[PDB]
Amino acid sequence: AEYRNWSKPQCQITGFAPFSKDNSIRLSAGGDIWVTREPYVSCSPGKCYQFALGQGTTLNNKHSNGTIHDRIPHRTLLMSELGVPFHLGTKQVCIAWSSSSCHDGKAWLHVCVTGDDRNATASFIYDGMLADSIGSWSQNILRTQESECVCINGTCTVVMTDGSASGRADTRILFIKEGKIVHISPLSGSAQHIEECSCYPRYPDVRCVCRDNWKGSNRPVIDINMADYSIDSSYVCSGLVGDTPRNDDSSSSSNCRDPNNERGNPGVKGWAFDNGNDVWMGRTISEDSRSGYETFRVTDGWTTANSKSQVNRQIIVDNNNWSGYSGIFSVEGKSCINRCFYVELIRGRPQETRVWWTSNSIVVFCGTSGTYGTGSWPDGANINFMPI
């Protein structure tokens, strides 16, 4: 086995087609299934896996009470083949309340953060072995992507932020080789309060679309040069913005350079990617809350400030149903690199108070250059049928 390079152009797509759905919450009502959140998807060259942060309990279990809290010592990174639900035989790959994973063509790298909020440890696990670690550098909360990292030619890159709810954010970009940290670069350019990057290979570089936690409903973009470790950043140009909350479509804006100061907090993890002058992106259908999900393309939305010219809309989850985080992953075909995405479907607290638990399922779609129809693919659990 050789290192992956992702050295192919991006597939020209017309939209997205259904790929996978796990039905975790529906299954939790008649079986032993992990309580989770912050899922994502990543593929080795041989196959695709779903990941998530467990809460150290199954759902029909009294320890599921209070699982809205993000950071406890019992959280571990779960890894299962895509489509296989998170049952009791699922592997806990490392201890983590924040994570990122990727495969370099030879082995899996996992970045796993756990410990005290303000003095955390990030472990780097390469090929099933502990290879390196780093402590929190600012003693705010050290956190990472909650989606796949990206490796080119044996060098993997991951974005991390040591930040706090007060809008403090010290963002650094790590370069890692067989689990060893070989360089760390500070964030540079105009992006301001970066969390939870969704990154993708754009050979010879890497590009991330992130979450502005504090001041922008427009999404930050980071460019990472894999050859000399230099960094740049800005915001997605599209006047149809990707975060939640946000203004409505006729009053929303972006100038490509600065956070837009429109309903900037708290934001939600999401994704977007460039196709020439155009941008493909997802977002929640609601402007206020994490409900529904839609994808579309914005013509000129990548290079012209404030374009609002959409086309190729699809509903993924209708607006009567809960969504959550979303993110990108990439797949190498014979001649081109395809872009896919997942949507976290959160059930329970805080929106549904009949139960005491918090958990999610997922749905996944992939780029197609064929044709397709319409639908809606929500979580599908009836909250009244669940353990409490």
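Start at 1 and count along the sequence shown; that's the residue number.
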{"property": "Higher-B stretch (mean Cα B-factor, as the entry records it), 290 to 298 or 162 to 170", "result": "162 to 170"}
{"property": "Entry-level comparison of average CA B-factors, 248 to 256 and 99 to 107, reporting the higher stretch", "result": "248 to 256"}
{"property": "Maximum C-alpha temperature factor, selected from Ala52, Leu59, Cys48, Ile346", "result": "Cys48"}
{"property": "Residue, from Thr121, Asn265, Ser80, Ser147, that the PDB entry assigns the highest Cα B-factor", "result": "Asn265"}
{"property": "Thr368, C-alpha B-factor rank within chain (lowest, middle or highest third)", "result": "lowest"}
{"property": "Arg339, C-alpha B-factor rank within chain (lowest, middle or highest third)", "result": "middle"}
{"property": "Cα B factor band for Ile152 (lowest, middle or highest third within the chain)", "result": "middle"}
{"property": "CA B-factor placement of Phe175, once the chain's modelled residues are sorted into thirds", "result": "middle"}
{"property": "Third of the chain, ranked by Cα B-factor, where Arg211 sits", "result": "lowest"}
